[PDB]
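Let's start with one chain on its own, the form deposited in one PDB entry, as structure tokens.
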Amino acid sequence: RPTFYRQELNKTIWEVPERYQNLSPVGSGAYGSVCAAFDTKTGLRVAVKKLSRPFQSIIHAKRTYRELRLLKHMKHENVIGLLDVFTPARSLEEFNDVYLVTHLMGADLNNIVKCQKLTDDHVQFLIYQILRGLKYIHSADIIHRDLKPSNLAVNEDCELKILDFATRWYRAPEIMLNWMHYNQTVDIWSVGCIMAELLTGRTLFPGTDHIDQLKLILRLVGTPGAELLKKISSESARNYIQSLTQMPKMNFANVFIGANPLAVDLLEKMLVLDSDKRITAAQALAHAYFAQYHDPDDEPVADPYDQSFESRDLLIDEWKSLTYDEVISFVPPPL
């Protein structure tokens, strides 16, 4: 067991092993509070996330367990990973705080797109990295569900990592419509929206609400065709969709004029209304647009990920204990 030391900063209290020094707040949302630190064992600057109210309800405790299970499984250069996880508690009985440690990342893709216009070559590398990480995530039968620029960490090297594995601007239309059975291609839709924004410097679908969001989408990709309509089981959604005035599919070559024609072709394959027809992450990596980065031997898949716990109905204390088990059993990656 390490030696811990206590400290208060930004109201929130932090008790961390002495190996982590020079803590300074970096940014806090609803998830938790993040500090940048200097890791004396490795010499790296790290980000330390303290979970907030990790066991406030069965919802929180299950979420805490799910987060820790995911983070311990992710081992990929383009997916945020765990350098360390610790709790100051010496026993399950006092266990109530959970800290996570990862490499410090400078910015997110939102601060980069908003701070400068990116050349077509930068878009290639950035989107390539997203797709490489997405192929790994999807190979484990995991859907991100909330891909957007502020969820993509990037450093001054332009190396990118997916995090969290208006948000509505990037959600697939079938979600906008409440389809109960969306698949992993919902993430491909988000990547298309992100890629369009990097090329044009403007949000592709800046909807003011879910209804306007869908209107904007159909304006570009067109109203559903007969084959897609045959696939909608919700009688109210089918009724609503058919009641809409019919819109044609726009020519992206005109909408994204001046953009790389290879980029335009890939956008066409990602921003397809019928999710059955969207390009997968693996297929997208092989697209000519990424010829200068694509390496079929260096685009790995993930080990099987057991998600069975998701359908389990347990007490807060059992989720708490299972989270504790996962904290204790952690093995740090190879230095």
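The first residue of the shown sequence is 1; numbering continues from there.
What comes next is about the form deposited with a small molecule bound, which does not appear here.
**Student:** Which pick from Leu70, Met270, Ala302, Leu285 sits with a heavy atom within 4.5 Å of the small molecule in the bound PDB entry?
**Tutor:** Looking at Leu70, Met270, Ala302, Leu285 one by one, just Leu70 meets the 4.5 Å heavy-atom criterion.
**Student:** Give me the residue from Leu92, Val255, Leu262, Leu163 that has a heavy atom within 4.5 Å of the small molecule in the bound PDB entry.
**Tutor:** Comparing distances to the small molecule in the bound PDB entry, the residue within 4.5 Å is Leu163.
**Student:** Does the small molecule get within 4.5 angstroms of any non-hydrogen atom of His144 in the bound PDB entry?
**Tutor:** Looking in the bound PDB entry, residue contacts with the small molecule include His144, since a heavy atom lies within 4.5 Å.
**Student:** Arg66 versus the small molecule, in the bound PDB entry: is there a non-hydrogen atom within 4.5 Å?
**Tutor:** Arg66: contacts the small molecule in the bound PDB entry.
**Student:** Under a 4.5 Å heavy atom criterion, is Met74 part of the interface with the small molecule in the bound PDB entry?
**Tutor:** Close contact exists here: in the bound PDB entry, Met74 approaches the small molecule to within 4.5 Å, heavy atoms only.
**Student:** I'd like to know if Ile80 sits close to the small molecule in the bound PDB entry, meaning any non-hydrogen atom pair within 4.5 angstroms.
**Tutor:** Flag for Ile80 set to yes.
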